[PDB]
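> One structure follows; several queries about it will come next.
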Amino acid sequence: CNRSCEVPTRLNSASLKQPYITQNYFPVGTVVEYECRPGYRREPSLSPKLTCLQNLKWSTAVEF
Amino acid sequence: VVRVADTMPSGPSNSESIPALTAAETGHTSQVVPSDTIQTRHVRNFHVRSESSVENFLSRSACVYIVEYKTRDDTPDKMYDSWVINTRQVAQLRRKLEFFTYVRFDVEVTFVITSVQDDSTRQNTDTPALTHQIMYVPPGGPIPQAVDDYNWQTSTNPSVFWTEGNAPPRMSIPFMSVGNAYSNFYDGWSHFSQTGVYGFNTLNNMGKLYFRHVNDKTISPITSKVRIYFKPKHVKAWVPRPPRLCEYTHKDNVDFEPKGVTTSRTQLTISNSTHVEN
Amino acid sequence: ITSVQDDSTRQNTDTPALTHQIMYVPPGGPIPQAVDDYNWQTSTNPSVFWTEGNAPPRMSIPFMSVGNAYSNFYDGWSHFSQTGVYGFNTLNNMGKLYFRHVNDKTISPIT
Amino acid sequence: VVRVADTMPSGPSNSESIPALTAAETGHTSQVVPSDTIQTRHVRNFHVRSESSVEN
Amino acid sequence: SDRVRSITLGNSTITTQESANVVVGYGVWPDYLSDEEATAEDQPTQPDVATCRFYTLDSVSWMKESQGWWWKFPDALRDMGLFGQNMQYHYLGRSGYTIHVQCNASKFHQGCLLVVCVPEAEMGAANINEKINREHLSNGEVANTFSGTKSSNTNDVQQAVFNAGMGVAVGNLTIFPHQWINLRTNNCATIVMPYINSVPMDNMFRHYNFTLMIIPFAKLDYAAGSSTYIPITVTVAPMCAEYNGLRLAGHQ
Amino acid sequence: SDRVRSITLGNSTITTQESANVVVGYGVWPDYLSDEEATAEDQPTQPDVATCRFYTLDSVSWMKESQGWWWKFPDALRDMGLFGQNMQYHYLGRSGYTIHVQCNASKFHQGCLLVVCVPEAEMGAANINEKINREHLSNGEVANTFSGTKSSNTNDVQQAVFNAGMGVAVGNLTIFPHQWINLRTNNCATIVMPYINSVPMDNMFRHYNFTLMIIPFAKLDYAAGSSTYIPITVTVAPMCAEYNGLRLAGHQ
Amino acid sequence: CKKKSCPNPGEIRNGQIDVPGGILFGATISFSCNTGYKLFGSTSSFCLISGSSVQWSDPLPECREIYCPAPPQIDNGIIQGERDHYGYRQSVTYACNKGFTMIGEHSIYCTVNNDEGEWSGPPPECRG
Amino acid sequence: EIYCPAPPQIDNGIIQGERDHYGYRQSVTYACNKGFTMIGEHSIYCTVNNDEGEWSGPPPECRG
Amino acid sequence: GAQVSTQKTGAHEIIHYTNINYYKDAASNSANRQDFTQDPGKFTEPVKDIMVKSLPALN
Amino acid sequence: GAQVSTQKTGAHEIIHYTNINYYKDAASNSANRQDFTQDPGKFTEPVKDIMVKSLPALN
Amino acid sequence: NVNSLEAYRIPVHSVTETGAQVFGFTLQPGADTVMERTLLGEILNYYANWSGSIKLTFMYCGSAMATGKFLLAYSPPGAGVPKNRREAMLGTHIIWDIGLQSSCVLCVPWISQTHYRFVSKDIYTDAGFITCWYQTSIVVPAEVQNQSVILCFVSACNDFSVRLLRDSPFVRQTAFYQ
Amino acid sequence: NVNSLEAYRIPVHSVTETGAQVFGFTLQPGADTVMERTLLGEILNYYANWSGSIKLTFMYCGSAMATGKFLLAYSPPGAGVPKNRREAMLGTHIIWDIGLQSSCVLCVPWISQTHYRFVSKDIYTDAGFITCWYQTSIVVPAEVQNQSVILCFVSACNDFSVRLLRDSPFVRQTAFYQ
Ligand SMILES: CCCCCCCCCCCCC/C=C/[C@H](O)[C@H](N)CO
Ligand SMILES: CCCCCCCCCCCCC/C=C/[C@H](O)[C@H](N)CO
């Protein structure tokens with residue numbers, strides 16, 4: 001029962017991969033990774049990763 | 001606009017003029033300009049002694065007392081509250097006034113009134129907006145004894161009505177003193193035989209304030225708390241005074257616990273720090 | 001300033017208008033430690049009172065800096081041995097704000 | 001009110017005056033008016049650099 | 001011809017035969033502090049020509065896959081004689097600078113350099129929430145080197161050329177006083193910086209005034225047989241320097 | 001009254017309440033070298049008030065059987081801040097000096113000092129045909145001490161008070177600029193030496209300009225109960241100093 | 001009452017000590033080694049309580065020196081003055097024998113990437 | 001290095017911070033006990049005469 | 001103690017307004033959004049030996 | 001019946017304001033925070049036979 | 001010595017070796033413990049910025065036969081506290097001769113980079129050090145007391161200025177005074 | 001090449017057939033991907049209308065023996081993108097000779113029907129195209145590198161103007177920075 005984050009930010013063009021999409025209990029420092037929603041393509045100038053910070057909120061994630 | 005004094009340039013000197021050697025035994029503060037001992041340069045200085053003046057130092061709205069009174073109590077003495085007017089029950093404004101010995105000013109007075117619903121069983125009400133009355137009694141007048149007394153009928157006394165939700169009340173009061181200035185410190189007695197009461201308590205004589213709810217007795221208890229904010233203005237002060245070191249003990253004298261001069265040290269010389277390592 | 005009634009069992013109240021206090025502390029002053037502290041008595045600190053339902057509070061503040069201008073970027077250290085903290089964090093020194101409800105403890109939680 | 005700079009008319013040119021060939025190696029932004037390379041017309045321009053100022 | 005330029009300061013002289021044009025500052029020439037803007041009260045020390053003269057920094061070798069170099073100039077001139085000593089005995093200081101960067105090649109070489117003076121270049125750390133050591137920012141007269149890929153050394157500057165350490169686009173660094181050393185036509189990276197700070201005099205060790213950067217955009221490239229070793233030498237002279245607040249020997 | 005004297009140089013100030021009269025030189029006040037008598041060609045460094053200020057040397061204790069002390073002043077001021085540094089980076093130098101020697105007692109004490117500035121005081125060796133070490137002539141800010149009887153330490157100065165090291169009668173040393181510190185009425189051993197040499201500028205390390213000597217003729221003597229520890233402090237300020245011929249760091 | 005002082009941390013050889021908030025009770029100091037050096041031990045210490053006084057939580061760390069490995073020998077060509085240990089920013093100059101022609105840069109130098117010593121490029125070659 | 005020999009102990013009085021080795025120009029300061037009065041100079045120092053270490057004078061005395 | 005300036009208006013087809021300062025401090029005043037001057041001669045053309053734009057500016 | 005004074009402003013780089021008194025009493029007016037004069041000649045130098053600061057001021 | 005009059009008496013006596021130290025403190029009127037509760041410090045703790053020069057007066061309250069010299073020195077910050085007499089004579093110092101004029105004035109000038117310094121403690125506006133050193137000794141005749149007392153004063157010049165009203169950190173109240 | 005310095009280097013070499021193309025992009029400072037994050041584009045993304053002419057400077061960073069000509073051309077919209085060299089020489093073009101003066105200025109004039117164009121993408125205010133074409137070739141002597149690099153600049157003229165304050169589409173924040 002450590003401190004945990006919320007569900008990661010639902011983007012309208014990106015969904016989570018499949019070790020992360022089911023499991024709860026995101027501790028601090030945990031990185032999660034997104035994949036393109038099926039019909040889309042990657043923007044190579046942006047890295048699709050999100051770190052949960054000390055204040056139990058994810059980093060800013062906009063459009064991957 | 002009166003700027004501060006400037007620095008004039010200087011050079012080498014070898015003469016019988018000695019600004020450094022003075023005599024501090026003559027009750028005299030030496031007036032050594034910094035251009036008199038070292039070689040200085042021309043500095044045109046633009047600083048203004050504005051926010052150190054007595055008006056800029058004292059004209060802030062300080063706080064002097066808190067007053068509590070209820071609107072439904074079984075005892076009739078907690079349905080209103082009073083306060084004999086002095087400025088000596090909060091230490092900040094008291095110390096700031098006790099920088100000086102005699103002062104002369106007008107007072108701009110503001111009340112900040114807040115009501116809290118007390119605890120009861122029937123706590124779900126629908127209460128209209130509360131109305132307060134703040135009555136001033138000059139020294140010697142008739143005093144109320146209940147909330148429904150007919151002494152509250154303010155025919156000559158200045159009284160201020162306030163409705164909950166608006167701006168706080170504010171009124172100015174002129175120099176209400178019988179002397180040529182106020183007295184922060186009075187070294188004397190009340191009776192001519194040098195008996196009686198000692199100190200500044202003989203010279204207060206300011207009258208008192210009275211507070212009540214204008215509304216009738218409600219069905220649930222509500223306490224209200226009013227904060228008097230004095231704010232001195234048009235200020236003059238005379239014969240200054242060293243600031244008080246020790247802490248206050250009462251409002252009617254200057255009696256104190258003996259405190260030392262300052263915070264201590266460990267040795268009388270200084271050196272570099274002796275902490276951890278390089 | 002906006003207030004939201006939080007969730008509780010006794011949620012049906014009759015609450016009067018809330019009053020807020022916004023106190024500014026210059027750098028170095030005394031800081032409050034509770035809502036009923038006597039450090040809130042604002043004798044020298046500028047503080048602003050507001051009643052719910054009116055226009056929002058507004059006040060102007062002059063150039064409160066010790067240099068000839070503000071510094072958005074500072075490439076230096078805090079200590080003269082070129083140690084300590086790096087960057088613009090040495091030059092903030094602005095003091096802090098404090099917020100509380102002027103009213104007493106109500107019978108239902110309001111944020 | 002400080003308007004933007006206007007466009008002055010021009011014509012054909014065949015000379016040793018070369019506004020286009022500059023040296024951008026001298027830390028210098030070239031100041032080629034649009035009337036220096038093509039033939040332009042007289043345009044009295046009424047635009048104001050108002051809402052680009054630091055205050056605005 | 002205006003390709004020739006002579007610069008005389010103190011007892012040192014730099015002559016160039018393939019100069020293009022000397023840049024001077026934001027339009028301002030360096031000058032001593034007037035007594036209407038001054039803050040300190042005692043007599044300043046405008047020393048002599050003993051500090052207003054050219055000092056030669058170390059040379060870096062420009063290879064085919066080099067990325068960039070930087071210096072920190074109130075700290076880089078800390079051991080160059082009487083400028084370094086007057087830095088070490090005074091509390092306040094104030095100076096403009098005349099930077100002259102040399103690099104030469106033949107007419108068969110190609111490559112382009114960018115020489116910028118960046119005021120207040122606050123560097124970013126490699127790993128994010130971690131302190132930066134003083135040796136990784138400024139290494140005296142020795143240049144620190146950018147990289148091409150992102151770096152992850154502990155207590156180090158994030159050193160990628162496409163962000164220039166500060167976190168901006170490197171093609172936007174032409175807003176500061178700059179020139180280009182095109183090996184086709186230049187050797188004159190001369191930039192006369194005035195004193196730029198928000199206080200009229202400042203400490204030399206605690207504050208870094210600006211940062212020289214030499215970033216090659218069009219890389220050095222040559223045919224086989226030409227001289228492969230092309231050095232770059234940076235020469236810097238303080239101008240209108242003065243000092244104030246004398247005390248004992250400072251922090252080395 | 002003319003018993004009071006204030007001397008202001010740079011950022012230092014000496015006040016005396018029992019002075020007698022300030023001596024100044026051979027009639028000449030110190031001044032910078034004119035360009036009609038100058039030899040070197042490059043621009044001299046007249047630094048600031050950064051060197052023209054009072055520096056305090058170490059104190060010697062004057063006992064009942066003490067004999068004398070001496071110093072060597074272009075060498076004694078070798079570690080006093082920017083004067084020492086400008087000595088260590090320049091080849092030529094030139095300066096006058098204002099020497100202020102302090103000593104105080106009560107009215108129940110007695111004793112008399114002689115304070116002379118002796119130009120070109122070429123010291124003699126203890127054993128005759130033998131070299132002298134540099135540490136026995138000048139010990140920096142630390143005073144060397146005469147003796148009463150003749151001395152025979154190897155590689156040392158012949159240090160007898162009745163010959164003053166040079167080989168003359170010590171009662172004839174009142175031909176140089178001098179005063180007396182009579183504890184009855186003095187504290188003002190002030191002597192403003194001009195620059196005295198046979199070349200217009202000279203080296204600071206290789207040549208010693210003059211020698212301060214404090215020789216007590218009427219010895220310190222007091223009754224039982226008075227303060228037995230009477231220190232003597234020597235304060236010296238260079239005047240009108242300028243430097244020429246900058247090169248790398250010198251000989252320490 | 002008032003806070004106690006932990007002792008002065010002093011100096012780390014080839015390293016810093018960063019003291020942002022004094023050395024009173026509840027402080028924090030950090031540790032960092034210079035260029036060409038690697039930190040071994042702790043990166044921060046606290047002024048905690050130890051017994052009847054206040055002490056530091058972690059001992060003083062050490063800055064070892066980072067070395068690039070041995071320089072590669074080229075075929076038909078030697079190194080001018082081969083040193084035994086090569087630290088940061090240090091370079092080897094490749095000469096070339098009689099009858100063989102250099103190709104590429106003469107000298108490579110030592111770099112530190114991911115706290116590991118590494119030469120900057122490939123060594124040159126002599127064909128002849 | 002030339003050393004003066006061990007400093008003489010005085011009767012009814014101690015040395016403030018007695019060091020082990022005394023080189024050139026170095027002095028010892030004699031204190032004095034409770035109930036005794038100093039006579040003469042407080043401190044003597046080390047001299048070199050004929051390449052030999054030697055103290056400068058006689059040590060003081062406390063009578064009381 | 002009022003002062004009258006001009007309102008910002010369109011071109012090609014001088015209306016005045018009024019302003020009175022009420023407070024004792026200069027930080028209390030309204031913002032000065034009517035200063036339209038500029039000088040891009042310190043950012044562009046930041047050189048010595050000022051060029052001509054018709055000459056080649058080299059050799 | 002208005003009166004125009006100057007606003008307190010910074011140095012090295014005269015803006016006016018207006019004030020009208022509305023009430024019949026002198027205690028009603030705004031506070032006078034613009035009197036900057038001083039005279040520390042009664043606290044410092046509070047003596048007879050005024051000293052010179054260059055003389056020793058004794059004997 | 002806080003709980004007596006001996007906090008104001010600085011000891012001075014005859015020393016068996018010259019060049020020693022007499023006292024010293026840190027020039028922070030309102031943060032440093034020495035001049036914290038002084039008149040200048042109590043005016044100055046209701047503020048938050050200060051500027052201008054500060055005077056220091058040293059009255060020698062000893063015998064009329066006693067004589068000696070001192071080294072009243074101010075050293076601007078950037079280096080450490082000086083540890084010898086020959087390191088503290090590099091600063092802004094004055095040599096004070098005890099005579100018939102029994103008091104001297106050490107005027108500490110305004111050496112800064114900013115127009116104001118904070119009355120509290122921060123590292124960006126450190127202000128320097130005040131030290132005093134035996135120049136020769138105290139020399140007395142027989143049957144005159146050796147151990148005497150120097151008294152120190154403090155004041156401000158005619159260019160001293162304060163800026164930001166805040167409350168004093170010394171006023172403390174728990175309940176109303178009744 | 002975004003993640004290197006090679007985004008700024010435009011390739012140029014000797015071509016075995018003249019009349020080819022070198023590069024090309026769409027003249028939209030603030031919408032087009034090429035000059036999106038430029039200084040003019042980053043000032044210009046806080047706005048929503050723009051007007052005025054735009055300059056383009058081409059520095060040839062090659063050898064001193066190399067020579068050749070290029071065709072710097074602007075084509076107003078209404079037709080398609082030009083596909084030959086002889087279709088792009090109908091626009092507003094300049095022929096640039098590489099010589100001792102190593103940089104040229106292509107000044108793109110203001111050809112519009114409205115007084116302003118949008119900084120974003122809409123079809124009513126399309127703005128044209130910038131293309132560059134080999135005019136002859138790159139000709140080098142022996143033992144000189146063929147493949148060189150052209151650098152492109154951008155700036156605004158003295159009649160450039162912006163109108164509508166909006167927020168930039170590039171600032172992105174998820175939580176507070178602490
Ligand atoms: C209807 C509203 C009237 C409110 C009455 C409240 C204030 C009236 C009392 C006069 C105020 C005098 C202020 C104090 C005077 C002296 O300065 C103090 N005794 C301290 O010296
Ligand atoms: C009673 C109301 C008082 C409210 C106090 C809130 C604001 C007071 C702080 C001063 C505002 C300074 C604004 C920031 C200054 C610099 O620009 C920043 N450090 C960024 O450089």
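Following the order of the structure tokens, chains are lettered A, B, ..., residues in each are numbered from 1, and ligands are numbered from 1.
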Throw together the list of residues within 10 Å of ligand 2, counting only C-alpha atoms and all ligand atoms, and drop it here as a VMD selection string.

chain C and resid 21 to 26 45 to 49 57 to 65 69 to 73 88 to 89 91 to 98

> Can you check which residues of region 8-161 of chain K DSSP gives as strand (DSSP E or B) on the backbone and send them as a ChimeraX atom specification?

/K:10-12,21-26,49-51,54-61,67,69-75,77,79,92-97,103-108,117-118,129-134,139,148-152,155-156,161

> Please check which protein, DNA or RNA residues sit within 8 Å of ligand 1, counting only C-alpha atoms and all ligand atoms, and write them as a PyMOL selection string.

chain B and resi 85-88+94+97+102-107+109+134-136+157-160+171+173-177+182-185+203-204+206-209+230

> Give me the chain L side of the contact with chain I, cut-off 10 Å, one line per residue showing its nearest atom pair and distance in Å at one decimal, counting only C-alpha atoms, sorted by chain and residue number, as CSV.


```
residue,atom,partner,partner_atom,distance
L:100,CA,I:58,CA,8.5
L:101,CA,I:56,CA,7.1
L:158,CA,I:40,CA,9.5
```

> Give me the residues near residue 16 (chain E) as a PyMOL selection string, where near means some atom within 9 Å (using only C-alpha atoms) and where sequence neighbours in that chain fewer than 3 positions away do not count.

chain E and resi 3-7+19+187-188

> Taking only C-alpha atoms into account and nothing else, which residues of chain G lie no more than 6 Å away from chain E? Please answer as a VMD selection string.

chain G and resid 34 105 114 to 115

> Could those selected residues go to a file with C-alpha atoms, as a PDB file, in the first residue's frame?


```
ATOM      1  CA  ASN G  34      35.143  16.759 -11.288  1.00  0.00           C
ATOM      2  CA  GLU G 105      43.324  12.328 -38.738  1.00  0.00           C
ATOM      3  CA  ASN G 114      28.234   7.106 -19.648  1.00  0.00           C
ATOM      4  CA  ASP G 115      30.974   7.440 -16.986  1.00  0.00           C
TER       5      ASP G 115
END
```

> Which residues are close to residue 171 (chain L), i.e. within 12 Å by only C-alpha atoms, leaving aside same-chain residues fewer than 6 positions away? Reply as number ranges by chain.

A: 60-62; L: 42, 45-46

> With N, CA, C and O atoms retained, could you export that selection as a CSV table (one decimal), in the first residue's frame?


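The result, written out as selection11.csv:
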```csv
chain,number,residue,atom,x,y,z
A,60,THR,N,3.7,15.7,-18.5
A,60,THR,CA,2.8,16.2,-19.5
A,60,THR,C,2.9,15.4,-20.7
A,60,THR,O,4.0,15.1,-21.2
A,61,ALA,N,1.8,15.0,-21.3
A,61,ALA,CA,1.7,14.1,-22.5
A,61,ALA,C,0.6,14.7,-23.4
A,61,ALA,O,-0.5,14.9,-23.0
A,62,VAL,N,1.0,15.1,-24.6
A,62,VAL,CA,0.1,15.8,-25.4
A,62,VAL,C,-0.4,15.1,-26.7
A,62,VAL,O,-1.6,14.9,-26.8
L,42,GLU,N,8.6,31.6,-34.3
L,42,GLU,CA,8.2,31.6,-32.9
L,42,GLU,C,7.7,32.9,-32.4
L,42,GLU,O,6.9,32.9,-31.4
L,45,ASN,N,4.1,32.6,-34.2
L,45,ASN,CA,3.1,31.7,-33.7
L,45,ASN,C,2.3,32.2,-32.5
L,45,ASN,O,1.2,31.7,-32.2
L,46,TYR,N,2.7,33.3,-31.8
L,46,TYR,CA,1.9,34.0,-30.9
L,46,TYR,C,0.9,34.9,-31.5
L,46,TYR,O,0.2,35.6,-30.8
```

> What are the coordinates of chain J as a compact mmCIF listing (two decimals) with N, CA and C atoms, in the first residue's frame following a least-squares fit to chain I on all in-order C-alpha atoms?


```txt
# COMPACT_ATOMS: atom_id res chain seq x y z
N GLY J 1 -7.15 68.37 -13.27
CA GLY J 1 -5.83 67.91 -13.67
C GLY J 1 -5.88 66.73 -14.63
N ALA J 2 -6.70 66.86 -15.66
CA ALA J 2 -6.92 65.81 -16.65
C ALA J 2 -6.02 66.03 -17.86
N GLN J 3 -5.84 64.96 -18.63
CA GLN J 3 -5.05 65.05 -19.85
C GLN J 3 -5.77 64.30 -20.96
N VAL J 4 -5.73 64.86 -22.16
CA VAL J 4 -6.51 64.37 -23.29
C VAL J 4 -5.55 63.87 -24.36
N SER J 5 -5.72 62.62 -24.76
CA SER J 5 -4.95 62.00 -25.82
C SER J 5 -5.89 61.58 -26.94
N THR J 6 -5.37 60.84 -27.90
CA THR J 6 -6.17 60.36 -29.02
C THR J 6 -6.45 58.88 -28.86
N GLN J 7 -7.61 58.46 -29.36
CA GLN J 7 -7.94 57.04 -29.37
C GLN J 7 -7.33 56.36 -30.58
N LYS J 8 -6.95 55.10 -30.40
CA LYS J 8 -6.49 54.28 -31.51
C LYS J 8 -7.66 53.99 -32.43
N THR J 9 -7.51 54.34 -33.71
CA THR J 9 -8.59 54.21 -34.67
C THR J 9 -8.05 53.68 -35.99
N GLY J 10 -8.97 53.34 -36.88
CA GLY J 10 -8.59 52.83 -38.18
C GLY J 10 -8.06 53.91 -39.10
N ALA J 11 -7.54 53.48 -40.24
CA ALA J 11 -6.92 54.37 -41.20
C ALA J 11 -7.85 54.57 -42.39
N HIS J 12 -7.54 55.60 -43.18
CA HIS J 12 -8.07 55.87 -44.52
C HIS J 12 -9.54 56.32 -44.50
N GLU J 13 -10.16 56.32 -43.32
CA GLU J 13 -11.53 56.79 -43.13
C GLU J 13 -11.76 57.10 -41.66
N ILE J 14 -8.68 60.29 -34.43
CA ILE J 14 -8.52 61.67 -33.97
C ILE J 14 -9.63 61.91 -32.94
N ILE J 15 -10.41 60.87 -32.67
CA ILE J 15 -11.39 60.93 -31.59
C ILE J 15 -10.67 60.90 -30.25
N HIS J 16 -11.04 61.81 -29.36
CA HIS J 16 -10.30 62.04 -28.13
C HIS J 16 -10.94 61.30 -26.96
N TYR J 17 -10.12 61.03 -25.94
CA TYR J 17 -10.60 60.48 -24.68
C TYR J 17 -9.94 61.21 -23.53
N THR J 18 -10.42 60.94 -22.32
CA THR J 18 -9.94 61.61 -21.13
C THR J 18 -9.40 60.61 -20.12
N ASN J 19 -8.47 61.09 -19.29
CA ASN J 19 -7.82 60.26 -18.28
C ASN J 19 -7.47 61.13 -17.09
N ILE J 20 -7.81 60.65 -15.90
CA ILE J 20 -7.49 61.33 -14.65
C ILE J 20 -6.81 60.32 -13.73
N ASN J 21 -5.67 60.70 -13.16
CA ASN J 21 -4.96 59.83 -12.24
C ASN J 21 -5.45 60.07 -10.83
N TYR J 22 -5.87 59.01 -10.14
CA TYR J 22 -6.51 59.17 -8.85
C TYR J 22 -5.60 58.88 -7.67
N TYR J 23 -4.59 58.02 -7.83
CA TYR J 23 -3.83 57.53 -6.70
C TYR J 23 -2.47 58.19 -6.62
N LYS J 24 -1.83 58.03 -5.47
CA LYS J 24 -0.62 58.76 -5.14
C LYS J 24 0.65 58.09 -5.64
N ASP J 25 0.56 56.88 -6.19
CA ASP J 25 1.72 56.12 -6.61
C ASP J 25 1.76 55.97 -8.12
N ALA J 26 2.97 55.82 -8.66
CA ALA J 26 3.13 55.68 -10.10
C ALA J 26 2.87 54.26 -10.57
N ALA J 27 2.91 53.27 -9.68
CA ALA J 27 2.56 51.91 -10.05
C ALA J 27 1.06 51.72 -10.18
N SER J 28 0.27 52.68 -9.70
CA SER J 28 -1.18 52.58 -9.76
C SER J 28 -1.76 52.93 -11.12
N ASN J 29 -0.97 53.53 -12.01
CA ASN J 29 -1.53 54.08 -13.23
C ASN J 29 -1.86 52.98 -14.23
N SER J 30 -2.66 53.35 -15.22
CA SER J 30 -2.99 52.43 -16.30
C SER J 30 -1.78 52.20 -17.19
N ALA J 31 -1.78 51.07 -17.89
CA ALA J 31 -0.62 50.67 -18.67
C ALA J 31 -0.49 51.52 -19.93
N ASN J 32 0.75 51.80 -20.32
CA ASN J 32 1.03 52.70 -21.44
C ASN J 32 1.11 51.91 -22.74
N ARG J 33 -0.05 51.69 -23.35
CA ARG J 33 -0.15 50.89 -24.56
C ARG J 33 -0.14 51.74 -25.83
N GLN J 34 0.44 52.94 -25.77
CA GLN J 34 0.41 53.85 -26.91
C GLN J 34 1.80 54.37 -27.26
N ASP J 35 2.83 53.57 -27.04
CA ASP J 35 4.19 53.92 -27.46
C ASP J 35 4.58 52.98 -28.60
N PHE J 36 4.65 53.52 -29.82
CA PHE J 36 4.79 52.71 -31.02
C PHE J 36 6.16 52.85 -31.68
N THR J 37 7.10 53.52 -31.02
CA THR J 37 8.40 53.75 -31.64
C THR J 37 9.24 52.48 -31.62
N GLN J 38 10.30 52.49 -32.43
CA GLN J 38 11.19 51.34 -32.53
C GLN J 38 12.54 51.82 -33.05
N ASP J 39 13.53 50.94 -32.91
CA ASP J 39 14.87 51.18 -33.44
C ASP J 39 15.59 49.84 -33.60
N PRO J 40 15.42 49.14 -34.73
CA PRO J 40 16.13 47.88 -34.97
C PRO J 40 17.51 48.09 -35.59
N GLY J 41 18.27 49.03 -35.06
CA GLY J 41 19.57 49.33 -35.61
C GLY J 41 20.67 48.79 -34.73
N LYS J 42 20.29 48.27 -33.57
CA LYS J 42 21.23 47.63 -32.67
C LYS J 42 21.20 46.12 -32.77
N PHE J 43 20.16 45.55 -33.38
CA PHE J 43 20.09 44.12 -33.62
C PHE J 43 20.42 43.77 -35.06
N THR J 44 19.73 44.40 -36.01
CA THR J 44 20.22 44.40 -37.37
C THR J 44 21.24 45.52 -37.52
N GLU J 45 22.13 45.34 -38.49
CA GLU J 45 23.31 46.18 -38.68
C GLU J 45 24.15 46.46 -37.43
N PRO J 46 24.57 45.40 -36.65
CA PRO J 46 25.28 45.66 -35.40
C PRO J 46 26.79 45.75 -35.56
N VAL J 47 27.24 46.44 -36.61
CA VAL J 47 28.65 46.36 -36.98
C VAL J 47 29.34 47.70 -36.85
N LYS J 48 30.65 47.69 -37.04
CA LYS J 48 31.49 48.85 -37.22
C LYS J 48 31.80 48.97 -38.71
N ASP J 49 32.14 50.18 -39.16
CA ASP J 49 32.38 50.51 -40.57
C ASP J 49 31.13 50.20 -41.40
N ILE J 50 30.10 51.02 -41.14
CA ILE J 50 28.73 50.78 -41.59
C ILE J 50 28.65 50.65 -43.11
N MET J 51 28.01 49.57 -43.56
CA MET J 51 27.95 49.20 -44.97
C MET J 51 27.02 50.13 -45.75
N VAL J 52 27.02 49.96 -47.07
CA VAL J 52 26.39 50.90 -47.97
C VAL J 52 25.14 50.32 -48.63
N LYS J 53 25.07 48.99 -48.77
CA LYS J 53 24.04 48.12 -49.36
C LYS J 53 24.07 48.17 -50.90
N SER J 54 24.80 49.10 -51.51
CA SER J 54 25.00 49.08 -52.95
C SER J 54 26.38 48.59 -53.35
N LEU J 55 27.37 48.76 -52.50
CA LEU J 55 28.70 48.23 -52.71
C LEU J 55 28.75 46.75 -52.33
N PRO J 56 29.77 46.01 -52.80
CA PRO J 56 29.89 44.61 -52.38
C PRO J 56 30.23 44.40 -50.91
N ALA J 57 30.68 45.45 -50.20
CA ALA J 57 31.03 45.43 -48.78
C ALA J 57 32.17 44.47 -48.43
N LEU J 58 32.94 44.03 -49.43
CA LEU J 58 34.17 43.28 -49.23
C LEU J 58 35.15 43.69 -50.32
N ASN J 59 36.43 43.43 -50.06
CA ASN J 59 37.57 43.73 -50.95
C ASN J 59 37.61 45.21 -51.35
```
